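Student: Starting off with a structure, shown below.
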Amino acid sequence: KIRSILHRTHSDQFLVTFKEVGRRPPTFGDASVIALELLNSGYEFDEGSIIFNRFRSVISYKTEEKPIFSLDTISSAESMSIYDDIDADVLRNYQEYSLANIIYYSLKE
Amino acid sequence: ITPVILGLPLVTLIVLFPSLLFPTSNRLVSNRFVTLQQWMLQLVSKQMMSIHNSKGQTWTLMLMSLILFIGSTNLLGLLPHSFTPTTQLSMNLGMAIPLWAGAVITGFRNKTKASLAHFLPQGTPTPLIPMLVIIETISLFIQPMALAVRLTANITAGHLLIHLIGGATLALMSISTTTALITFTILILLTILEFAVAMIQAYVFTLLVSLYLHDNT
Amino acid sequence: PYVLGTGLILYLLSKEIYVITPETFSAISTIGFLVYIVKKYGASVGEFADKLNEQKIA
Amino acid sequence: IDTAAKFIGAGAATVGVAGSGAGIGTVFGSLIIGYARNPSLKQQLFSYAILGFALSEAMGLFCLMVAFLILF
Amino acid sequence: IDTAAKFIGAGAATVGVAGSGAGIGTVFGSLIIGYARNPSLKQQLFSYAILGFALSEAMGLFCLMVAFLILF
Amino acid sequence: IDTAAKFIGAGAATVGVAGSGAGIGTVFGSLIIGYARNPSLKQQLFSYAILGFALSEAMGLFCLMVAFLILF
Amino acid sequence: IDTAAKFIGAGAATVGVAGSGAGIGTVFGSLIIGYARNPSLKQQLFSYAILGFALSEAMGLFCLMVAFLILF
Amino acid sequence: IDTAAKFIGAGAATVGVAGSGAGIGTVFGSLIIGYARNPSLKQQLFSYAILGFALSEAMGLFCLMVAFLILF
Amino acid sequence: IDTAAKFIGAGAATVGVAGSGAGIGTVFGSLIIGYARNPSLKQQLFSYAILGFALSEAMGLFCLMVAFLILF
Amino acid sequence: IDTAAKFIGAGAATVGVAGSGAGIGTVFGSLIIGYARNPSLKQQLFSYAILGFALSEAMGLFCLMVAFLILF
Amino acid sequence: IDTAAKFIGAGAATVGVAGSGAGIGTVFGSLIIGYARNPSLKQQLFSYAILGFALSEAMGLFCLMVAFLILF
Amino acid sequence: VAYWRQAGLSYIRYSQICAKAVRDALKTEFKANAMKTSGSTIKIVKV
Amino acid sequence: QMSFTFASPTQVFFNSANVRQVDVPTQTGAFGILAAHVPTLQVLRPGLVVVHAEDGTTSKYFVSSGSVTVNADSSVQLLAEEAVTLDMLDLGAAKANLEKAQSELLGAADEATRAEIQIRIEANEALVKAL
């Protein structure tokens with residue numbers, strides 16, 4: 001029902017949609033599930049945004065965005081060295097991992 | 001004559017009793033006896049088999065006989081003295097052919113010109129360079145088989161020196177004991193640090209080398 | 001126990017026929033034995049634990 | 001010359017045991033810095049440590065047999 | 001002179017076998033820390049370790065041949 | 001000749017303790033960085049350090065057994 | 001003196017093969033602990049190991065020709 | 001010969017401090033890389049560096065006893 | 001015998017510095033690789049590299065005093 | 001003596017090529033374990049590999065200069 | 001004797017450059033591993049590599065001074 | 001990561017198998033509960 | 001101390017709890033991440049997570065995946081994808097599962113299945129270590 005203000009300009013630059021949103025309350029696995037294949041895609045941080053309604057109360061949430069660090073790159077650069085070792089593996093493999101974590105989360109929010 | 005003649009049957013005989021006993025244990029008796037001795041091969045079939053296969057069932061029991069023989073032969077050089085400087089050295093030279101022949105059985109007998117074709121085709125020797133294969137044929141066989149004789153002879157050397165230095169220290173300071181007791185107390189403890197460690201590591205070497213052959217064969 | 005006693009007797013005979021020197025070579029070996037007794041009893045309780053139970057299991 | 005040079009000829013072959021002395025410290029030291037990464041201590045690593053210590057005391061079984069040849 | 005300094009020439013040639021003994025530990029000790037990162041045991045690293053044991057004990061063979069040259 | 005070459009040849013066998021002393025700094029150093037990644041201090045790691053230094057100073061006690069056999 | 005000290009001078013020149021033997025152990029060890037990180041086995045890491053064991057036994061061929069000059 | 005071989009023999013025993021010299025740099029080196037991994041500096045780690053410099057200078061004190069035995 | 005052996009006594013006593021120079025390369029290397037992991041450079045760790053480069057040169061002043069004793 | 005000692009002195013400086021041949025094994029080793037960390041293989045690391053093998057072969061070319069000076 | 005032992009003593013001191021040669025490789029190798037961990041190549045870590053080549057060539061200039069004093 | 005990263009296998013793929021393997025594992029009482037957080041109302045569309 | 005955040009969607013166990021150590025199967029090996037540890041980021045790997053809580057205790061865990069994130073600071077967050085207490089994890093099953101696992105591996109298709117199997121095997125072991 002989000003796919004409304006978006007669904008009329010594309011149907012194609014969508015990558016996925018989740019259905020059965022909620023229902024049996026949506027969860028982590030799924031977040032991973034939905035996380036995984038998602039990765040396969042050609043836009044990786046043409047900075048995503050994740051837009052969800054972050055709850056404030058059972059009645060108000062604030063329609064959110066957060067930004068999707070898919071940099072494993074500029075995140076390679078910088079104060080990340082400090083993560084004295086870390087690998088564009090393990091990096092990504094956290095980025096990955098966090099994609100579900102968040103995914104679950106956002107989803108829930 | 002007698003002395004050397006008496007020794008070799010004795011080394012054979014100590015290995016023989018265990019190897020006769022286990023076949024016997026398979027239905028009688030057991031009383032105290034058969035069940036006390038049956039462990040000997042339970043410790044062999046327990047300890048050594050944790051590495052074996054690996055190279056497969058076929059070759060396993062053939063090698064385990066020699067591994068036990070080497071360790072038991074060194075144990076029979078431990079206690080007796082004089083024994084180390086002459087008798088154990090003659091036994092190291094009498095065990096020398098078996099150790100050289102051990103590589104022959106499968107390696108040199110089937111392929112003398114390139115026994116590394118059975119041992120290790122790609123690894124140490126470079127397969128791209130037949131020159132290095134022949135050079136490293138010494139480092140992987142010709143010398144390691146000479147080093148296996150030196151292997152038991154280094155246990156012989158360290159065990160000998162304990163005895164010789166002991167003897168000489170109590171002879172130098174024949175005080176009863178007295179100051180020689182301090183040195184001699186160390187020289188004893190060295191028998192465990194030296195022989196009991198090195199004797200085990202010795203038959204580990206025979207284990208590993210005879211695995212590397214038959215595992216790639 | 002009897003087997004061990006037989007094995008020791010054989011060793012003593014082997015020393016008698018092949019002995020270089022009486023005392024210091026003896027002193028080295030004898031301390032080697034004595035340490036083993038006290039050690040051996042502790043190891044023997046372990047030896048005892050394994051075996052007759054391992055026999056029974058298989 | 002004959003008996004005199006046999007004394008300062010097994011003493012220079014006794015300094016060859018310095019390779020086996022520190023080689024056993026480099027081998028067993030790497031096994032102490034290996035089982036710390038854990039957990040294949042029983043077999044795999046400590047079993048390979050008995051293959052590395054034998055191949056380091058192999059040069060010690062060839063250098064101590066050299067000095068013992070110039071003795072008697 | 002001819003029989004003397006040939007005995008003190010083989011002993012110092014046996015000190016060149018101190019590199020192979022400490023080379024054997026530093027080559028089979030890095031593979032004792034390689035399989036600690038796992039799992040190329042009996043695959044790539046243990047196969048190259050034999051190709052590392054041969055390149056180091058050959059510099060012990062080319063040194064023991066000098067020690068055998070000044071002995072026969 | 002029979003007593004002179006026994007004083008300068010017992011000095012060349014004292015260079016075989018160069019491996020037991022540099023090897024001890026490798027058997028304890030690789031135990032310092034070993035317990036740094038932690039946590040098995042008492043048992044496992046420091047227990048393997050004792051069985052390593054004993055196999056490091058063994059090439060120092062046997063080299064001081066070939067030293068004292070040339071002077072006493 | 002002339003036909004003597006050159007036989008004990010080729011023994012001291014063969015002690016330079018303790019760096020070509022312990023340099024190969026350091027080289028063909030870090031290319032075993034480095035391939036454990038993977039996956040540059042061919043073309044990169046082991047290719048540089050051919051150029052690592054080329055400047056290692058280069059000090060040994062220069063030490064095997066120094067002893068060969070004190071013999072032939 | 002009697003005052004000659006004890007003056008050149010006390011010099012060869014001073015090559016046993018080359019082991020304790022580099023063996024002290026390693027035990028204090030792995031403590032520099034160990035405290036870099038942090039943070040148990042005082043006690044445990046830097047209290048073990050004394051236990052690692054004592055077992056390394058023990059072969060040094062054993063080598064400095066030999067060179068002083070032929071000097072006095 | 002008296003004038004000669006003191007020149008071949010401070011020459012073999014200079015082979016004890018072969019540890020003070022390599023051990024300093026071991027400690028200053030572990031401070032070079034240690035500061036890479038960061039961040040205690042202008043304190044704590046590089047203040048332990050001065051305490052390491054001294055204990056290594058401590059067997060480099062004790063060995064140097066013996067070579068200065070045999071000469072003058 | 002005057003002709004004898006030059007031959008015995010040329011070999012003794014050829015034992016100083018054991019430090020340059022292992023220092024090339026450490027510099028090319030830590031570049032083989034310094035390229036596995038990736039990715040600047042060309043430049044930075046392997047460009048400083050010849051810059052680290054220049055100061056370490058500088059001790060060999062100076063030592064083989066003192067060995068050639070006692071020969072010519 | 002007096003014009004002889006100066007050549008069989010100045011050569012043994014060149015064996016003290018074995019620590020200066022293998023110390024230059026170890027101090028630079030860990031600098032090649034420290035700059036592989038990134039990023040302060042320009043000063044801080046490679047600047048300290050100059051402060052590690054100096055405190056390692058100092059035990060090689062003091063050893064080359066004693067060799068030059070017994071030759072000239 | 002070579003036993004999974006080999007070619008492919010996300011940290012997720014991996015993880016999920018790990019986790020899956022947990023899901024595969026577990027004691028019993030406890031065992032019900034697993035699938036609850038899994039991909040379940042997982043019904044992926046792009047629609 | 002490290003305020004150790006030990007988590008799974010299942011659970012946050014230590015929730016920035018001032019823990020001395022957690023021993024963590026990172027992918028190569030582990031490390032027992034000690035109380036406030038340097039930044040380094042490691043992605044886990046199944047093993048057991050052993051949370052040497054500062055307290056004297058160590059609590060035991062099995063971990064399957066996620067990342068532990070070792071901040072510079074005291075916050076360490078193990079966000080293990082799956083983080084479980086061993087309580088909930090059946091050794092028996094693990095073993096049996098392992099039985100299977102090992103069985104399966106043999107017909108596991110490709111490194112990815114094998115991997116999977118293996119992941120599972122490794123896992124099964126990885127519970128089994130402790131468990």
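Note on naming: chains are A, B, ... as they come in the structure tokens, residues start from 1 per chain, ligands start from 1 in the order shown.
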Show me, as a PDB file with C-alpha atoms, in the first residue's frame, the residues that have an atom within 7 Å of stretch 1-17 of chain J when counting only C-alpha atoms, minus same-chain residues fewer than 2 positions from it.

Tutor:
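out23.pdb was written with the following content:
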```
ATOM      1  CA  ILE G   1     100.041 -23.804   6.873  1.00  0.00           C
ATOM      2  CA  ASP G   2      99.609 -23.236   3.121  1.00  0.00           C
ATOM      3  CA  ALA G   5      94.526 -23.594   6.593  1.00  0.00           C
ATOM      4  CA  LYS G   6      92.730 -23.579   3.214  1.00  0.00           C
ATOM      5  CA  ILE G   8      89.936 -25.211   7.492  1.00  0.00           C
ATOM      6  CA  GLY G   9      89.062 -22.059   5.496  1.00  0.00           C
ATOM      7  CA  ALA G  10      86.558 -23.912   3.299  1.00  0.00           C
ATOM      8  CA  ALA G  12      84.309 -21.576   7.703  1.00  0.00           C
ATOM      9  CA  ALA G  13      83.047 -20.519   4.253  1.00  0.00           C
ATOM     10  CA  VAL G  15      78.949 -21.651   7.560  1.00  0.00           C
ATOM     11  CA  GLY G  16      77.489 -19.033   5.182  1.00  0.00           C
ATOM     12  CA  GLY G  19      71.498 -18.126   5.932  1.00  0.00           C
ATOM     13  CA  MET G  59      73.695 -15.715  -0.775  1.00  0.00           C
ATOM     14  CA  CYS G  63      78.834 -19.003  -0.195  1.00  0.00           C
TER      15      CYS G  63
ATOM     16  CA  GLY J  19      72.758 -12.841   8.195  1.00  0.00           C
ATOM     17  CA  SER J  20      72.103 -11.279   4.784  1.00  0.00           C
ATOM     18  CA  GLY J  21      70.602 -14.495   3.336  1.00  0.00           C
ATOM     19  CA  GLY J  60      76.595  -9.035   2.785  1.00  0.00           C
ATOM     20  CA  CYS J  63      81.206  -8.651   4.481  1.00  0.00           C
ATOM     21  CA  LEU J  64      82.154 -10.295   1.162  1.00  0.00           C
ATOM     22  CA  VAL J  66      86.308  -8.040   3.838  1.00  0.00           C
ATOM     23  CA  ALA J  67      86.514 -11.686   2.706  1.00  0.00           C
ATOM     24  CA  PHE J  68      87.903 -10.741  -0.731  1.00  0.00           C
ATOM     25  CA  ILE J  70      92.087 -11.093   2.696  1.00  0.00           C
ATOM     26  CA  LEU J  71      92.276 -13.038  -0.603  1.00  0.00           C
TER      27      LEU J  71
ATOM     28  CA  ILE K   1     102.032 -15.633  15.215  1.00  0.00           C
ATOM     29  CA  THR K   3     101.370 -10.962  12.266  1.00  0.00           C
ATOM     30  CA  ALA K   4      99.280 -14.122  11.770  1.00  0.00           C
ATOM     31  CA  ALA K   5      96.554 -14.153  14.473  1.00  0.00           C
ATOM     32  CA  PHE K   7      94.097 -12.143  10.197  1.00  0.00           C
ATOM     33  CA  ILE K   8      92.395 -15.068  12.004  1.00  0.00           C
ATOM     34  CA  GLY K  11      87.687 -12.283  10.092  1.00  0.00           C
ATOM     35  CA  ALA K  12      85.826 -13.745  13.084  1.00  0.00           C
ATOM     36  CA  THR K  14      82.884  -9.989  10.510  1.00  0.00           C
ATOM     37  CA  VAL K  15      80.615 -12.805  11.769  1.00  0.00           C
ATOM     38  CA  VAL K  17      77.570  -8.526  11.040  1.00  0.00           C
ATOM     39  CA  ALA K  18      75.148 -11.488  10.948  1.00  0.00           C
TER      40      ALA K  18
END
```

Student: At a cut-off of 9 Å, using only C-alpha atoms, what residues contact stretch 58-65 of chain A? Leave out same-chain residues fewer than 5 positions from it and give the result as a list in words.

Tutor: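 Contacts, in chain order: residues 49, 50, 51, 52, 53 and 109 of chain A.
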
Student: May I have chain J as an mmCIF file with N, CA and C atoms, in the first residue's frame, after a least-squares superposition on chain D that uses all C-alpha atoms paired in order?

Tutor:
```cif
data_model
loop_
_atom_site.group_PDB
_atom_site.id
_atom_site.type_symbol
_atom_site.label_atom_id
_atom_site.label_comp_id
_atom_site.auth_asym_id
_atom_site.auth_seq_id
_atom_site.Cartn_x
_atom_site.Cartn_y
_atom_site.Cartn_z
ATOM 1 N N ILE J 1 98.382 -32.800 16.710
ATOM 2 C CA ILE J 1 97.825 -32.573 15.345
ATOM 3 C C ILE J 1 96.879 -33.701 14.909
ATOM 4 N N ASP J 2 97.384 -34.934 14.890
ATOM 5 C CA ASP J 2 96.577 -36.110 14.549
ATOM 6 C C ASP J 2 95.620 -36.479 15.686
ATOM 7 N N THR J 3 96.054 -36.225 16.923
ATOM 8 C CA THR J 3 95.239 -36.445 18.120
ATOM 9 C C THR J 3 94.549 -35.157 18.586
ATOM 10 N N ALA J 4 95.103 -34.012 18.189
ATOM 11 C CA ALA J 4 94.594 -32.702 18.593
ATOM 12 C C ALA J 4 93.311 -32.295 17.867
ATOM 13 N N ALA J 5 93.279 -32.529 16.556
ATOM 14 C CA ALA J 5 92.216 -32.031 15.676
ATOM 15 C C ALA J 5 90.859 -32.733 15.838
ATOM 16 N N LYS J 6 90.875 -33.960 16.349
ATOM 17 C CA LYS J 6 89.647 -34.709 16.614
ATOM 18 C C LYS J 6 88.842 -34.075 17.753
ATOM 19 N N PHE J 7 89.552 -33.553 18.755
ATOM 20 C CA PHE J 7 88.937 -32.864 19.894
ATOM 21 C C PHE J 7 88.366 -31.502 19.495
ATOM 22 N N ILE J 8 89.101 -30.782 18.645
ATOM 23 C CA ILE J 8 88.662 -29.488 18.127
ATOM 24 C C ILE J 8 87.567 -29.641 17.072
ATOM 25 N N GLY J 9 87.465 -30.833 16.485
ATOM 26 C CA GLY J 9 86.473 -31.128 15.449
ATOM 27 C C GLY J 9 85.149 -31.660 15.973
ATOM 28 N N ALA J 10 85.176 -32.209 17.188
ATOM 29 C CA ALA J 10 83.975 -32.711 17.851
ATOM 30 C C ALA J 10 83.128 -31.569 18.412
ATOM 31 N N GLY J 11 83.795 -30.529 18.904
ATOM 32 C CA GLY J 11 83.119 -29.338 19.416
ATOM 33 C C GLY J 11 82.497 -28.497 18.317
ATOM 34 N N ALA J 12 83.125 -28.496 17.141
ATOM 35 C CA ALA J 12 82.674 -27.697 15.995
ATOM 36 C C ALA J 12 81.378 -28.212 15.368
ATOM 37 N N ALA J 13 81.131 -29.514 15.500
ATOM 38 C CA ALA J 13 79.882 -30.122 15.046
ATOM 39 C C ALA J 13 78.806 -30.065 16.137
ATOM 40 N N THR J 14 79.227 -29.752 17.362
ATOM 41 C CA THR J 14 78.315 -29.556 18.492
ATOM 42 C C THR J 14 77.702 -28.149 18.487
ATOM 43 N N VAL J 15 78.222 -27.280 17.617
ATOM 44 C CA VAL J 15 77.651 -25.950 17.388
ATOM 45 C C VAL J 15 76.494 -26.016 16.389
ATOM 46 N N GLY J 16 76.335 -27.175 15.750
ATOM 47 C CA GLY J 16 75.218 -27.443 14.839
ATOM 48 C C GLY J 16 73.961 -27.921 15.552
ATOM 49 N N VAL J 17 74.000 -27.904 16.886
ATOM 50 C CA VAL J 17 72.846 -28.208 17.737
ATOM 51 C C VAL J 17 72.154 -26.922 18.208
ATOM 52 N N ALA J 18 72.601 -25.792 17.667
ATOM 53 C CA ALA J 18 71.994 -24.494 17.929
ATOM 54 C C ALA J 18 70.836 -24.221 16.970
ATOM 55 N N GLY J 19 70.814 -24.948 15.855
ATOM 56 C CA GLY J 19 69.756 -24.826 14.853
ATOM 57 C C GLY J 19 68.563 -25.723 15.133
ATOM 58 N N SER J 20 68.829 -26.873 15.749
ATOM 59 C CA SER J 20 67.786 -27.828 16.121
ATOM 60 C C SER J 20 67.040 -27.407 17.390
ATOM 61 N N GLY J 21 67.746 -26.722 18.292
ATOM 62 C CA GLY J 21 67.187 -26.276 19.574
ATOM 63 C C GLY J 21 66.334 -25.021 19.490
ATOM 64 N N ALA J 22 66.499 -24.270 18.402
ATOM 65 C CA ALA J 22 65.694 -23.080 18.121
ATOM 66 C C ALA J 22 64.573 -23.403 17.135
ATOM 67 N N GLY J 23 64.793 -24.424 16.311
ATOM 68 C CA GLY J 23 63.773 -24.951 15.404
ATOM 69 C C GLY J 23 62.693 -25.720 16.145
ATOM 70 N N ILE J 24 63.019 -26.165 17.361
ATOM 71 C CA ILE J 24 62.047 -26.759 18.276
ATOM 72 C C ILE J 24 61.325 -25.662 19.063
ATOM 73 N N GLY J 25 61.963 -24.496 19.168
ATOM 74 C CA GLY J 25 61.372 -23.328 19.826
ATOM 75 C C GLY J 25 60.412 -22.564 18.929
ATOM 76 N N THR J 26 60.558 -22.752 17.618
ATOM 77 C CA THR J 26 59.671 -22.140 16.629
ATOM 78 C C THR J 26 58.452 -23.021 16.335
ATOM 79 N N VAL J 27 58.662 -24.336 16.298
ATOM 80 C CA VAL J 27 57.592 -25.300 16.028
ATOM 81 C C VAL J 27 56.621 -25.449 17.205
ATOM 82 N N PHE J 28 57.159 -25.413 18.425
ATOM 83 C CA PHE J 28 56.351 -25.487 19.649
ATOM 84 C C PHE J 28 55.795 -24.118 20.040
ATOM 85 N N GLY J 29 56.412 -23.063 19.513
ATOM 86 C CA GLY J 29 55.919 -21.700 19.705
ATOM 87 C C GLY J 29 54.700 -21.442 18.840
ATOM 88 N N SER J 30 54.809 -21.787 17.557
ATOM 89 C CA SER J 30 53.714 -21.634 16.595
ATOM 90 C C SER J 30 52.600 -22.679 16.774
ATOM 91 N N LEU J 31 52.795 -23.587 17.730
ATOM 92 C CA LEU J 31 51.746 -24.502 18.178
ATOM 93 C C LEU J 31 51.088 -23.960 19.450
ATOM 94 N N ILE J 32 51.853 -23.190 20.226
ATOM 95 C CA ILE J 32 51.334 -22.481 21.401
ATOM 96 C C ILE J 32 50.532 -21.249 20.980
ATOM 97 N N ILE J 33 50.903 -20.672 19.838
ATOM 98 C CA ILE J 33 50.137 -19.597 19.203
ATOM 99 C C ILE J 33 49.231 -20.163 18.103
ATOM 100 N N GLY J 34 49.197 -21.492 18.001
ATOM 101 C CA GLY J 34 48.321 -22.201 17.071
ATOM 102 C C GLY J 34 47.214 -22.958 17.784
ATOM 103 N N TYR J 35 47.281 -22.978 19.116
ATOM 104 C CA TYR J 35 46.237 -23.566 19.955
ATOM 105 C C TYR J 35 45.347 -22.483 20.560
ATOM 106 N N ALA J 36 45.866 -21.252 20.611
ATOM 107 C CA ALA J 36 45.110 -20.090 21.083
ATOM 108 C C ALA J 36 44.012 -19.696 20.092
ATOM 109 N N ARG J 37 44.228 -20.030 18.818
ATOM 110 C CA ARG J 37 43.233 -19.837 17.764
ATOM 111 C C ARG J 37 42.079 -20.833 17.895
ATOM 112 N N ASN J 38 42.345 -21.953 18.573
ATOM 113 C CA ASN J 38 41.343 -22.983 18.894
ATOM 114 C C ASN J 38 40.768 -23.737 17.683
ATOM 115 N N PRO J 39 40.096 -24.877 17.924
ATOM 116 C CA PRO J 39 39.784 -25.612 19.150
ATOM 117 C C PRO J 39 40.326 -27.036 19.123
ATOM 118 N N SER J 40 40.766 -27.481 17.945
ATOM 119 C CA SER J 40 41.329 -28.820 17.776
ATOM 120 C C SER J 40 42.729 -28.923 18.392
ATOM 121 N N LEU J 41 42.782 -28.850 19.724
ATOM 122 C CA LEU J 41 44.035 -28.964 20.485
ATOM 123 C C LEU J 41 44.629 -30.368 20.352
ATOM 124 N N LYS J 42 43.851 -31.383 20.734
ATOM 125 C CA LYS J 42 44.202 -32.776 20.458
ATOM 126 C C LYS J 42 43.972 -33.057 18.970
ATOM 127 N N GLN J 43 44.924 -33.761 18.354
ATOM 128 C CA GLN J 43 44.950 -34.010 16.903
ATOM 129 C C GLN J 43 45.177 -32.730 16.087
ATOM 130 N N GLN J 44 45.436 -32.907 14.789
ATOM 131 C CA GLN J 44 45.666 -31.809 13.832
ATOM 132 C C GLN J 44 46.928 -30.982 14.106
ATOM 133 N N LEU J 45 46.888 -30.147 15.149
ATOM 134 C CA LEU J 45 47.978 -29.205 15.448
ATOM 135 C C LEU J 45 49.068 -29.786 16.353
ATOM 136 N N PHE J 46 48.691 -30.191 17.567
ATOM 137 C CA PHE J 46 49.635 -30.754 18.538
ATOM 138 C C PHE J 46 50.033 -32.197 18.214
ATOM 139 N N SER J 47 49.310 -32.812 17.279
ATOM 140 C CA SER J 47 49.681 -34.114 16.724
ATOM 141 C C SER J 47 50.741 -33.945 15.633
ATOM 142 N N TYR J 48 50.731 -32.778 14.989
ATOM 143 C CA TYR J 48 51.752 -32.402 14.014
ATOM 144 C C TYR J 48 52.886 -31.609 14.674
ATOM 145 N N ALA J 49 52.791 -31.432 15.993
ATOM 146 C CA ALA J 49 53.843 -30.782 16.782
ATOM 147 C C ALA J 49 55.048 -31.703 16.961
ATOM 148 N N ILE J 50 54.779 -32.998 17.124
ATOM 149 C CA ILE J 50 55.824 -34.016 17.175
ATOM 150 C C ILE J 50 56.297 -34.381 15.766
ATOM 151 N N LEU J 51 55.448 -34.124 14.768
ATOM 152 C CA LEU J 51 55.784 -34.349 13.359
ATOM 153 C C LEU J 51 56.591 -33.189 12.763
ATOM 154 N N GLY J 52 56.588 -32.052 13.462
ATOM 155 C CA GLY J 52 57.401 -30.894 13.091
ATOM 156 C C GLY J 52 58.669 -30.809 13.924
ATOM 157 N N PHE J 53 58.654 -31.481 15.078
ATOM 158 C CA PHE J 53 59.817 -31.573 15.970
ATOM 159 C C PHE J 53 60.639 -32.837 15.707
ATOM 160 N N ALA J 54 60.237 -33.597 14.690
ATOM 161 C CA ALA J 54 60.959 -34.798 14.267
ATOM 162 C C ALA J 54 61.925 -34.489 13.124
ATOM 163 N N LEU J 55 61.484 -33.646 12.193
ATOM 164 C CA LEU J 55 62.315 -33.222 11.064
ATOM 165 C C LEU J 55 63.293 -32.106 11.455
ATOM 166 N N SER J 56 63.043 -31.474 12.604
ATOM 167 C CA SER J 56 63.890 -30.394 13.123
ATOM 168 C C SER J 56 64.935 -30.885 14.136
ATOM 169 N N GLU J 57 64.665 -32.032 14.762
ATOM 170 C CA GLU J 57 65.639 -32.719 15.612
ATOM 171 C C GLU J 57 66.421 -33.759 14.800
ATOM 172 N N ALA J 58 66.022 -33.936 13.539
ATOM 173 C CA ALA J 58 66.710 -34.812 12.587
ATOM 174 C C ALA J 58 68.029 -34.202 12.115
ATOM 175 N N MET J 59 68.110 -32.873 12.167
ATOM 176 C CA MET J 59 69.334 -32.144 11.850
ATOM 177 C C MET J 59 70.304 -32.125 13.037
ATOM 178 N N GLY J 60 69.775 -32.347 14.240
ATOM 179 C CA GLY J 60 70.586 -32.404 15.458
ATOM 180 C C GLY J 60 71.192 -33.772 15.715
ATOM 181 N N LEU J 61 70.407 -34.821 15.467
ATOM 182 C CA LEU J 61 70.844 -36.210 15.649
ATOM 183 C C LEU J 61 71.806 -36.678 14.551
ATOM 184 N N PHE J 62 71.802 -35.972 13.424
ATOM 185 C CA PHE J 62 72.773 -36.203 12.360
ATOM 186 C C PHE J 62 74.055 -35.407 12.625
ATOM 187 N N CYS J 63 73.905 -34.233 13.241
ATOM 188 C CA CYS J 63 75.043 -33.382 13.598
ATOM 189 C C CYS J 63 75.797 -33.924 14.812
ATOM 190 N N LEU J 64 75.058 -34.439 15.793
ATOM 191 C CA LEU J 64 75.657 -35.068 16.973
ATOM 192 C C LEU J 64 76.158 -36.483 16.661
ATOM 193 N N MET J 65 75.914 -36.931 15.427
ATOM 194 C CA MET J 65 76.476 -38.180 14.911
ATOM 195 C C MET J 65 77.840 -37.935 14.264
ATOM 196 N N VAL J 66 78.018 -36.735 13.708
ATOM 197 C CA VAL J 66 79.293 -36.304 13.130
ATOM 198 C C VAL J 66 80.246 -35.780 14.207
ATOM 199 N N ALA J 67 79.688 -35.432 15.368
ATOM 200 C CA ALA J 67 80.466 -34.985 16.522
ATOM 201 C C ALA J 67 80.966 -36.170 17.354
ATOM 202 N N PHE J 68 80.195 -37.258 17.351
ATOM 203 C CA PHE J 68 80.553 -38.484 18.067
ATOM 204 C C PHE J 68 81.519 -39.357 17.261
ATOM 205 N N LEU J 69 81.456 -39.238 15.930
ATOM 206 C CA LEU J 69 82.329 -39.988 15.017
ATOM 207 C C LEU J 69 83.781 -39.503 15.056
ATOM 208 N N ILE J 70 83.973 -38.231 15.400
ATOM 209 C CA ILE J 70 85.304 -37.657 15.591
ATOM 210 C C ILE J 70 85.803 -37.859 17.028
ATOM 211 N N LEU J 71 84.989 -38.517 17.852
ATOM 212 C CA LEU J 71 85.341 -38.836 19.240
ATOM 213 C C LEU J 71 85.544 -40.337 19.463
ATOM 214 N N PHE J 72 84.940 -41.155 18.600
ATOM 215 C CA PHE J 72 85.063 -42.610 18.678
ATOM 216 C C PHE J 72 85.293 -43.221 17.301
#
```

Student: Nearest to residue A:33: which of L:42, L:32, L:17, L:7 is it, counting only C-alpha atoms?

Tutor: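 Using only C-alpha atoms, the shortest distance to residue A:33 belongs to L:42.
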
Student: Can you check which residues of chain A have any atom within 12 Å of chain L? Use only C-alpha atoms and format it as a ChimeraX atom specification.

Tutor: /A:1-4,6-8,10-40,87-101,103-105,107-108

Student: What does the distance between atom CA of residue B:88 and atom CA of residue B:48 come to in Å, to one decimal place?

Tutor: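 Atom-to-atom, atom CA of residue B:88 to atom CA of residue B:48, that is 25.1 Å.
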
Student: When you get a sec, could you note down which chain M residues fall within 9 Å of chain F, using only C-alpha atoms, as a list in words?

Tutor: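 Those within range of chain F come out as residues 23, 30, 31, 32, 33 and 34 of chain M.
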
Student: What parts of chain A does DSSP call helix (DSSP H, G or I)? I'd like the answer as a PyMOL selection string.

Tutor: chain A and resi 28-39+92-108

Student: Kindly give the distance, in Å, that separates atom CA of residue C:55 and atom CA of residue B:35, rounded to a single decimal.

Tutor: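 So the answer is 8.4 Å.
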